[PDB]
Amino acid sequence: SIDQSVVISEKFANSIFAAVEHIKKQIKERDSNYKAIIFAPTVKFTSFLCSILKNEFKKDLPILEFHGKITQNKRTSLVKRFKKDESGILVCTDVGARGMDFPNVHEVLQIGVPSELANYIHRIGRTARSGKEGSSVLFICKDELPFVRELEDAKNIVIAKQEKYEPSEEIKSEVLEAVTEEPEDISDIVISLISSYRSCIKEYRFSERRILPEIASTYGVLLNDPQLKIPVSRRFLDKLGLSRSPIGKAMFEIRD
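About the criteria used
Residues numbered from 1 in each chain as written, not as in the entry; some residues may be left out. Heavy atoms only, no water. Residues with missing side-chain atoms left out of burial classes, pairs and counts. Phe/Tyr/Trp six-rings, centres within 6.5 Å; stacked < 30°, edge-to-face > 60°. Helix = DSSP H or I, 4+ residues; strand = E, 2+ residues; numbered from the N terminus. Salt bridge = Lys/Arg side-chain N within 4 Å of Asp/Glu carboxyl O. Pairing = 2+ DSSP bridges. Right-handed = clockwise from strand over helix to strand, strands pointing away.

Draft legend 1. Structural context of the packing of aromatic side chains. Here the aromatic rings of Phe82 and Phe102 are separated by 5.8 Å at their centres, their planes lie at 75°, and the arrangement is edge-to-face. Placement of the pair is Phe82 in helix α3 (residues 72-84) and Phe102 in the loop between β4 (88-92) and β5 (107-111), with a sequence separation of 20 residues. Each ring, one from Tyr204 and one from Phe206, has its centre 5.8 Å from the other, and the planes form 90°; the classification is edge-to-face. One aromatic cluster in this structure is built from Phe12, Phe45, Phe48 and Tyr197.

Draft legend 2. Inspection of the pattern of salt bridges at higher detail. Its salt-bridge partner being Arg123, residue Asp94 comes within 2.8 Å of it at the nearest N-O pair. Separated by 29 residues along the polypeptide, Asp94 in the loop between β4 and β5 and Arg123 in helix α4 (residues 118-124) bring together distant segments of the chain.

Draft legend 3. Local environment of the pairing of strand β3 (residues 63-66). Relative to β4, β3 runs parallel, the two sharing 4 bridges. Its bridge partner lying in β4, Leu64 is registered against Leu90. Regarding the hand of the β-α-β motif, the stretch spanning β3, α3 and β4 is right-handed.

Draft legend 4. Examining the pairing of strand β6 (residues 135-141) more closely. Inspection of the sheet shows strand β1 (residues 3-9) paired to β6 by 7 bridges, in the parallel sense. Bridging from a neighbouring strand, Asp3 pairs with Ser135 of β6. Regarding topology, α4 serves as the crossover connection from β5 to the parallel β6, and that connection is right-handed.

As structure tokens, then:
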């Protein structure tokens, strides 16, 4: 069946670098004969993740962006294309996972956790549908580990292959050099992640006080300044409902 594994980083942002080096290695070892699907938590992050992969890999493989605000016409034509292609990377949200049958995928990658436990199962079921071998890799940070524990408890799913990861400065520079986003765009993306993760904190039994600062600090990581907090307005923080809440001060800076 599906050969499952997990790559555990110290920081959420490191999962980005982990995915990049893994992909780099697969492109090398397979001589660009590589067809893969990578799942992500939000639309904005999918677009971002897609921007990076285009910058890194456009010379080697096609990169296709698939999510829930895309028109049905465009969905079908992109499905048609990825069905036909011998290689390429489909970057998507939980928009897929169900029903779609994509032949000869070598690997399924996941950055971070799904919106529900069962969606882990649907995600991985996109490969190994018509006799082929296949692997799956879950890229998470230390503070997401209770999810893996929850897989054993609720679904009896034990992922045997587990390893730790720390990125080199070389890969960090390579990835950061490919980030073309302005600060306002990085802010939008990271805020989307915060909301997404915030919404599954209780369900997966995460510690909010550890995970949320860790997600927010990605803002500083991608802008190469790890003591930088996310600039926001008071009205906005109020909208989020964190205007009187601790933790938000550790994540955000009120430049209103």
